[PDB]
Amino acid sequence: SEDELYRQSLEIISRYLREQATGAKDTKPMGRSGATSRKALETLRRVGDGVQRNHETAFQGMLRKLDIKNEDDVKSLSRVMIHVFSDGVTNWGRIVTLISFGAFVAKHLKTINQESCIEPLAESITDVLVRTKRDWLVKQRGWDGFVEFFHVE
Ligand SMILES: CCc1sc2ncnc(O[C@H](Cc3ccccc3)C(=O)O)c2c1-c1ccc(O)c(Cl)c1C
């Protein structure tokens, strides 16, 4: 390990996807750099819930096409996310879209009773994000950049 950006990202994304899936806002110390992580999760809830509601029909359309029923379908989803997300341009708009669609897929995994796929989905989203966009995330100040961009405080 010794990759704080990856650790901080996995924690924010895992927590968001897990609470969207179940409705429960999980309690833990938020590791290192907790204030920023906390503000990032709060922001992600606001903006991510907005994306899912505003683009519900697009998201439902994509989910139907992907035909997700198991961990096998989640691995094939990560390859889709690399082509769609990584080949396209880089900004917080697309990063929130990616994470938001993750949360939408996580809600579906719970309703089809395959909630053991949620934590792997989270890891796969984090890996796509941090592995393909590392130098952009570092230049924008990571999750401090996120919080600053939405002018929250
Ligand atoms: C695997 C699906 C992914 S991962 C990802 N990561 C970042 N952006 C995405 O889409 C946006 C465009 C967008 C903004 C808001 C709602 C839906 C679309 C973009 O490419 O800029 C996507 C998409 C995606 C692409 C095309 C689509 O029709 C749908 Cl429904 C989605 C969910």
# chains A, B, ... in the order shown; residues from 1 in each chain; ligands from 1
>>> residues_around(residues="stretch 45-62 of chain A", least_positions_apart="2", cutoff="10 Å", atoms="only C-alpha atoms", output="ChimeraX atom specification")
/A:16-17,19-20,39-43,64-67,93,96-105,108,150
>>> write_last_selection(atoms="C-alpha atoms", output="mmCIF file, in the first residue's frame")
data_model
loop_
_atom_site.group_PDB
_atom_site.id
_atom_site.type_symbol
_atom_site.label_atom_id
_atom_site.label_comp_id
_atom_site.auth_asym_id
_atom_site.auth_seq_id
_atom_site.Cartn_x
_atom_site.Cartn_y
_atom_site.Cartn_z
ATOM 1 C CA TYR A 16 -21.294 6.051 -0.892
ATOM 2 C CA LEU A 17 -22.156 2.809 -2.816
ATOM 3 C CA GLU A 19 -25.234 3.434 1.913
ATOM 4 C CA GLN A 20 -27.059 3.966 -1.461
ATOM 5 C CA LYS A 39 -16.959 16.862 3.295
ATOM 6 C CA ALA A 40 -16.315 14.831 0.067
ATOM 7 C CA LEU A 41 -18.893 12.122 1.016
ATOM 8 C CA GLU A 42 -21.510 14.861 1.971
ATOM 9 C CA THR A 43 -20.917 16.562 -1.434
ATOM 10 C CA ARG A 64 -30.829 -2.928 -18.710
ATOM 11 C CA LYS A 65 -28.191 -3.132 -21.581
ATOM 12 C CA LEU A 66 -25.365 -4.279 -19.201
ATOM 13 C CA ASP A 67 -27.668 -7.119 -17.894
ATOM 14 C CA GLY A 93 -18.748 16.115 -13.926
ATOM 15 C CA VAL A 96 -19.459 12.113 -10.358
ATOM 16 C CA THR A 97 -21.330 10.505 -13.313
ATOM 17 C CA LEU A 98 -19.129 7.377 -13.008
ATOM 18 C CA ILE A 99 -19.535 7.137 -9.190
ATOM 19 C CA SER A 100 -23.316 7.920 -9.424
ATOM 20 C CA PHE A 101 -23.899 5.132 -11.999
ATOM 21 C CA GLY A 102 -21.890 2.889 -9.597
ATOM 22 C CA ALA A 103 -24.390 3.806 -6.792
ATOM 23 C CA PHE A 104 -27.343 3.147 -9.222
ATOM 24 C CA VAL A 105 -25.820 -0.310 -10.088
ATOM 25 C CA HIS A 108 -29.850 -2.878 -8.330
ATOM 26 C CA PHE A 150 -18.600 22.651 -5.511
#
>>> closest_atom_pairs(of="stretch 102-146 of chain A", to="stretch 77-81 of chain A", cutoff="10 Å", atoms="only C-alpha atoms", output="JSON lines")
{"residue": "A:102", "atom": "CA", "partner": "A:77", "partner_atom": "CA", "distance": 9.9}
{"residue": "A:121", "atom": "CA", "partner": "A:78", "partner_atom": "CA", "distance": 8.1}
{"residue": "A:123", "atom": "CA", "partner": "A:78", "partner_atom": "CA", "distance": 9.8}
{"residue": "A:124", "atom": "CA", "partner": "A:78", "partner_atom": "CA", "distance": 6.1}
{"residue": "A:125", "atom": "CA", "partner": "A:78", "partner_atom": "CA", "distance": 7.1}
{"residue": "A:127", "atom": "CA", "partner": "A:78", "partner_atom": "CA", "distance": 8.9}
{"residue": "A:128", "atom": "CA", "partner": "A:81", "partner_atom": "CA", "distance": 7.2}
{"residue": "A:129", "atom": "CA", "partner": "A:81", "partner_atom": "CA", "distance": 9.3}
>>> write_last_selection(atoms="N, CA and C atoms", output="mmCIF file, in the first residue's frame")
data_model
loop_
_atom_site.group_PDB
_atom_site.id
_atom_site.type_symbol
_atom_site.label_atom_id
_atom_site.label_comp_id
_atom_site.auth_asym_id
_atom_site.auth_seq_id
_atom_site.Cartn_x
_atom_site.Cartn_y
_atom_site.Cartn_z
ATOM 1 N N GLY A 102 -22.319 3.904 -10.565
ATOM 2 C CA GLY A 102 -21.890 2.889 -9.597
ATOM 3 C C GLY A 102 -22.959 2.731 -8.518
ATOM 4 N N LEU A 121 -17.555 -3.864 -6.861
ATOM 5 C CA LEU A 121 -17.965 -2.767 -7.775
ATOM 6 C C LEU A 121 -17.220 -1.508 -7.340
ATOM 7 N N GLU A 123 -14.448 -1.200 -5.675
ATOM 8 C CA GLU A 123 -12.983 -1.368 -5.812
ATOM 9 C C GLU A 123 -12.661 -1.133 -7.278
ATOM 10 N N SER A 124 -13.484 -1.705 -8.143
ATOM 11 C CA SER A 124 -13.377 -1.615 -9.613
ATOM 12 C C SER A 124 -13.593 -0.153 -10.075
ATOM 13 N N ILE A 125 -14.534 0.585 -9.489
ATOM 14 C CA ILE A 125 -14.727 2.034 -9.812
ATOM 15 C C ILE A 125 -13.500 2.835 -9.356
ATOM 16 N N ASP A 127 -10.504 1.775 -8.920
ATOM 17 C CA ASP A 127 -9.317 1.357 -9.699
ATOM 18 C C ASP A 127 -9.342 2.093 -11.030
ATOM 19 N N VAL A 128 -10.504 2.109 -11.693
ATOM 20 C CA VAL A 128 -10.666 2.830 -12.986
ATOM 21 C C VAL A 128 -10.289 4.293 -12.756
ATOM 22 N N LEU A 129 -10.908 4.930 -11.765
ATOM 23 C CA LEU A 129 -10.730 6.370 -11.460
ATOM 24 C C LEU A 129 -9.265 6.659 -11.196
#
>>> atom_distance(atom1="atom CA of residue A:82", atom2="atom CA of residue A:14")
18.7 Å
>>> atom_distance(atom1="atom 3 (C, counted along the ligand's line) of ligand 1", atom2="atom CA of residue A:94")
8.7 Å
>>> residues_around(residues="residue A:37", least_positions_apart="2", cutoff="10 Å", atoms="only C-alpha atoms", output="number ranges by chain")
A: 8-9, 11-12, 30-35, 39-43, 143-144, 147
>>> write_last_selection(atoms="N, CA and C atoms", output="PDB file, in the first residue's frame")
ATOM      1  N   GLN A   8      -8.046   6.891   0.227  1.00  0.00           N
ATOM      2  CA  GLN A   8      -9.094   7.920   0.493  1.00  0.00           C
ATOM      3  C   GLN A   8     -10.255   7.743  -0.499  1.00  0.00           C
ATOM      4  N   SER A   9      -9.939   7.507  -1.764  1.00  0.00           N
ATOM      5  CA  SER A   9     -10.913   7.301  -2.864  1.00  0.00           C
ATOM      6  C   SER A   9     -11.776   6.065  -2.566  1.00  0.00           C
ATOM      7  N   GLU A  11     -12.383   4.480   0.231  1.00  0.00           N
ATOM      8  CA  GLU A  11     -13.221   4.740   1.414  1.00  0.00           C
ATOM      9  C   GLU A  11     -14.448   5.584   1.025  1.00  0.00           C
ATOM     10  N   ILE A  12     -14.262   6.703   0.320  1.00  0.00           N
ATOM     11  CA  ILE A  12     -15.383   7.611  -0.065  1.00  0.00           C
ATOM     12  C   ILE A  12     -16.370   6.849  -0.950  1.00  0.00           C
ATOM     13  N   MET A  30     -13.017   7.078   9.455  1.00  0.00           N
ATOM     14  CA  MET A  30     -12.724   7.700   8.133  1.00  0.00           C
ATOM     15  C   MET A  30     -11.201   7.794   7.902  1.00  0.00           C
ATOM     16  N   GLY A  31     -10.417   6.925   8.553  1.00  0.00           N
ATOM     17  CA  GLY A  31      -8.948   6.837   8.409  1.00  0.00           C
ATOM     18  C   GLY A  31      -8.265   8.183   8.601  1.00  0.00           C
ATOM     19  N   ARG A  32      -7.232   8.463   7.797  1.00  0.00           N
ATOM     20  CA  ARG A  32      -6.470   9.745   7.779  1.00  0.00           C
ATOM     21  C   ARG A  32      -7.193  10.760   6.878  1.00  0.00           C
ATOM     22  N   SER A  33      -6.953  12.058   7.100  1.00  0.00           N
ATOM     23  CA  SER A  33      -7.533  13.188   6.322  1.00  0.00           C
ATOM     24  C   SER A  33      -9.068  13.083   6.310  1.00  0.00           C
ATOM     25  N   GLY A  34      -9.661  12.921   7.501  1.00  0.00           N
ATOM     26  CA  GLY A  34     -11.079  12.578   7.731  1.00  0.00           C
ATOM     27  C   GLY A  34     -12.035  13.727   7.450  1.00  0.00           C
ATOM     28  N   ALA A  35     -11.660  14.971   7.773  1.00  0.00           N
ATOM     29  CA  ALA A  35     -12.515  16.166   7.576  1.00  0.00           C
ATOM     30  C   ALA A  35     -12.817  16.291   6.078  1.00  0.00           C
ATOM     31  N   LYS A  39     -16.411  15.794   4.163  1.00  0.00           N
ATOM     32  CA  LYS A  39     -16.959  16.862   3.295  1.00  0.00           C
ATOM     33  C   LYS A  39     -17.162  16.288   1.889  1.00  0.00           C
ATOM     34  N   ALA A  40     -16.239  15.457   1.410  1.00  0.00           N
ATOM     35  CA  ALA A  40     -16.315  14.831   0.067  1.00  0.00           C
ATOM     36  C   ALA A  40     -17.539  13.906  -0.010  1.00  0.00           C
ATOM     37  N   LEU A  41     -17.720  13.031   0.972  1.00  0.00           N
ATOM     38  CA  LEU A  41     -18.893  12.122   1.016  1.00  0.00           C
ATOM     39  C   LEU A  41     -20.211  12.914   1.038  1.00  0.00           C
ATOM     40  N   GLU A  42     -20.320  13.966   1.869  1.00  0.00           N
ATOM     41  CA  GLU A  42     -21.510  14.861   1.971  1.00  0.00           C
ATOM     42  C   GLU A  42     -21.823  15.452   0.597  1.00  0.00           C
ATOM     43  N   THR A  43     -20.803  15.972  -0.079  1.00  0.00           N
ATOM     44  CA  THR A  43     -20.917  16.562  -1.434  1.00  0.00           C
ATOM     45  C   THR A  43     -21.394  15.463  -2.398  1.00  0.00           C
ATOM     46  N   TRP A 143      -9.416  15.028  -3.400  1.00  0.00           N
ATOM     47  CA  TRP A 143     -10.767  15.214  -2.830  1.00  0.00           C
ATOM     48  C   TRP A 143     -10.928  16.595  -2.198  1.00  0.00           C
ATOM     49  N   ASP A 144      -9.837  17.288  -1.853  1.00  0.00           N
ATOM     50  CA  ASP A 144      -9.870  18.733  -1.475  1.00  0.00           C
ATOM     51  C   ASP A 144     -10.291  19.560  -2.695  1.00  0.00           C
ATOM     52  N   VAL A 147     -14.221  19.115  -3.178  1.00  0.00           N
ATOM     53  CA  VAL A 147     -14.951  19.947  -2.178  1.00  0.00           C
ATOM     54  C   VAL A 147     -14.865  21.425  -2.584  1.00  0.00           C
TER      55      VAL A 147
END
>>> closest_residue(among="A:44, A:131, A:75, A:116", to="residue A:3", atoms="only C-alpha atoms")
A:131
>>> atom_distance(atom1="atom CA of residue A:130", atom2="atom CA of residue A:71")
21.0 Å
>>> select_by_dssp(residues="stretch 20-80 of chain A", states="helix (DSSP H, G or I)", output="PyMOL selection string")
chain A and resi 20-22+34-54+56-66+71-80
>>> write_last_selection(atoms="N, CA and C atoms", output="CSV table (one decimal), in the first residue's frame")
chain,number,residue,atom,x,y,z
A,20,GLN,N,-26.0,3.8,-0.4
A,20,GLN,CA,-27.1,4.0,-1.5
A,20,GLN,C,-27.8,2.6,-1.6
A,21,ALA,N,-27.0,1.5,-1.6
A,21,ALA,CA,-27.6,0.2,-1.7
A,21,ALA,C,-28.6,-0.2,-0.6
A,22,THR,N,-28.2,0.2,0.7
A,22,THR,CA,-28.9,-0.4,1.9
A,22,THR,C,-29.7,0.7,2.6
A,34,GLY,N,-9.7,12.9,7.5
A,34,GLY,CA,-11.1,12.6,7.7
A,34,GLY,C,-12.0,13.7,7.5
A,35,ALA,N,-11.7,15.0,7.8
A,35,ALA,CA,-12.5,16.2,7.6
A,35,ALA,C,-12.8,16.3,6.1
A,36,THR,N,-11.8,16.3,5.2
A,36,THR,CA,-11.9,16.3,3.8
A,36,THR,C,-12.8,15.2,3.2
A,37,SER,N,-12.5,14.0,3.7
A,37,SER,CA,-13.2,12.8,3.3
A,37,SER,C,-14.7,12.9,3.6
A,38,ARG,N,-15.0,13.4,4.8
A,38,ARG,CA,-16.4,13.7,5.3
A,38,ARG,C,-17.1,14.7,4.4
A,39,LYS,N,-16.4,15.8,4.2
A,39,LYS,CA,-17.0,16.9,3.3
A,39,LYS,C,-17.2,16.3,1.9
A,40,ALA,N,-16.2,15.5,1.4
A,40,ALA,CA,-16.3,14.8,0.1
A,40,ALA,C,-17.5,13.9,0.0
A,41,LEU,N,-17.7,13.0,1.0
A,41,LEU,CA,-18.9,12.1,1.0
A,41,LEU,C,-20.2,12.9,1.0
A,42,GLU,N,-20.3,14.0,1.9
A,42,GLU,CA,-21.5,14.9,2.0
A,42,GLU,C,-21.8,15.5,0.6
A,43,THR,N,-20.8,16.0,-0.1
A,43,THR,CA,-20.9,16.6,-1.4
A,43,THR,C,-21.4,15.5,-2.4
A,44,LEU,N,-20.8,14.3,-2.3
A,44,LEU,CA,-21.1,13.2,-3.2
A,44,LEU,C,-22.5,12.8,-3.1
A,45,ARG,N,-23.0,12.7,-1.9
A,45,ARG,CA,-24.4,12.4,-1.6
A,45,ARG,C,-25.3,13.5,-2.3
A,46,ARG,N,-25.1,14.8,-2.1
A,46,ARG,CA,-25.8,15.9,-2.7
A,46,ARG,C,-25.8,15.6,-4.3
A,47,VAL,N,-24.7,15.7,-4.9
A,47,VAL,CA,-24.5,15.8,-6.3
A,47,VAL,C,-24.8,14.4,-6.9
A,48,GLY,N,-24.4,13.3,-6.3
A,48,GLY,CA,-24.6,12.0,-6.9
A,48,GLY,C,-26.1,11.6,-6.8
A,49,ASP,N,-26.8,11.9,-5.8
A,49,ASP,CA,-28.3,11.7,-5.7
A,49,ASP,C,-28.9,12.5,-6.8
A,50,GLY,N,-28.5,13.7,-7.0
A,50,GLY,CA,-29.0,14.6,-8.1
A,50,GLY,C,-28.8,14.0,-9.5
A,51,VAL,N,-27.6,13.5,-9.8
A,51,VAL,CA,-27.4,12.9,-11.1
A,51,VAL,C,-28.3,11.7,-11.3
A,52,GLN,N,-28.4,10.8,-10.3
A,52,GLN,CA,-29.2,9.5,-10.4
A,52,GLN,C,-30.7,9.9,-10.6
A,53,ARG,N,-31.2,10.9,-10.0
A,53,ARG,CA,-32.6,11.4,-10.1
A,53,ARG,C,-32.8,12.1,-11.5
A,54,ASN,N,-31.9,13.0,-11.8
A,54,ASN,CA,-32.0,13.8,-13.0
A,54,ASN,C,-31.9,12.9,-14.3
A,56,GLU,N,-32.3,9.4,-14.5
A,56,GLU,CA,-32.8,8.1,-14.1
A,56,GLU,C,-33.1,7.2,-15.3
A,57,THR,N,-33.7,7.8,-16.3
A,57,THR,CA,-34.1,7.0,-17.6
A,57,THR,C,-32.8,6.6,-18.3
A,58,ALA,N,-31.8,7.5,-18.5
A,58,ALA,CA,-30.6,7.1,-19.1
A,58,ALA,C,-29.9,6.0,-18.3
A,59,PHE,N,-29.8,6.1,-17.0
A,59,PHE,CA,-29.1,5.1,-16.1
A,59,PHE,C,-29.9,3.8,-16.2
A,60,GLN,N,-31.2,3.8,-16.0
A,60,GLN,CA,-32.0,2.6,-16.2
A,60,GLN,C,-31.8,2.0,-17.6
A,61,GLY,N,-31.7,2.8,-18.6
A,61,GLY,CA,-31.4,2.3,-20.0
A,61,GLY,C,-30.1,1.6,-20.1
A,62,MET,N,-29.1,2.2,-19.5
A,62,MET,CA,-27.7,1.6,-19.5
A,62,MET,C,-27.7,0.3,-18.7
A,63,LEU,N,-28.2,0.3,-17.5
A,63,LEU,CA,-28.3,-0.9,-16.6
A,63,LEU,C,-29.0,-2.1,-17.3
A,64,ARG,N,-30.1,-1.9,-17.9
A,64,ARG,CA,-30.8,-2.9,-18.7
A,64,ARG,C,-29.9,-3.5,-19.8
A,65,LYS,N,-29.2,-2.7,-20.5
A,65,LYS,CA,-28.2,-3.1,-21.6
A,65,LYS,C,-27.1,-4.0,-21.0
A,66,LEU,N,-26.5,-3.6,-19.8
A,66,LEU,CA,-25.4,-4.3,-19.2
A,66,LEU,C,-25.8,-5.7,-18.7
A,71,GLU,N,-20.9,-11.3,-10.1
A,71,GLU,CA,-19.5,-10.8,-10.0
A,71,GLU,C,-18.9,-10.8,-11.4
A,72,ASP,N,-19.3,-11.8,-12.3
A,72,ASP,CA,-18.8,-11.9,-13.7
A,72,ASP,C,-19.2,-10.7,-14.5
A,73,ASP,N,-20.4,-10.2,-14.2
A,73,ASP,CA,-21.0,-9.0,-15.0
A,73,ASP,C,-20.3,-7.7,-14.5
A,74,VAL,N,-19.9,-7.7,-13.2
A,74,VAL,CA,-19.3,-6.5,-12.6
A,74,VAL,C,-17.9,-6.4,-13.2
A,75,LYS,N,-17.1,-7.5,-13.5
A,75,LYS,CA,-15.8,-7.5,-14.1
A,75,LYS,C,-15.9,-6.9,-15.5
A,76,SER,N,-16.9,-7.4,-16.3
A,76,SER,CA,-17.2,-6.9,-17.7
A,76,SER,C,-17.6,-5.4,-17.6
A,77,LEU,N,-18.3,-5.0,-16.6
A,77,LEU,CA,-18.7,-3.6,-16.4
A,77,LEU,C,-17.4,-2.7,-16.3
A,78,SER,N,-16.4,-3.2,-15.6
A,78,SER,CA,-15.1,-2.4,-15.4
A,78,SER,C,-14.5,-2.1,-16.7
A,79,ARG,N,-14.5,-3.1,-17.6
A,79,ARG,CA,-13.9,-2.9,-19.0
A,79,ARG,C,-14.7,-1.8,-19.8
A,80,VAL,N,-16.1,-1.9,-19.6
A,80,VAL,CA,-17.0,-0.8,-20.2
A,80,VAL,C,-16.6,0.6,-19.7
>>> closest_residue(among="A:18, A:69, A:83, A:25", to="ligand 1", atoms="only C-alpha atoms and all ligand atoms")
A:83
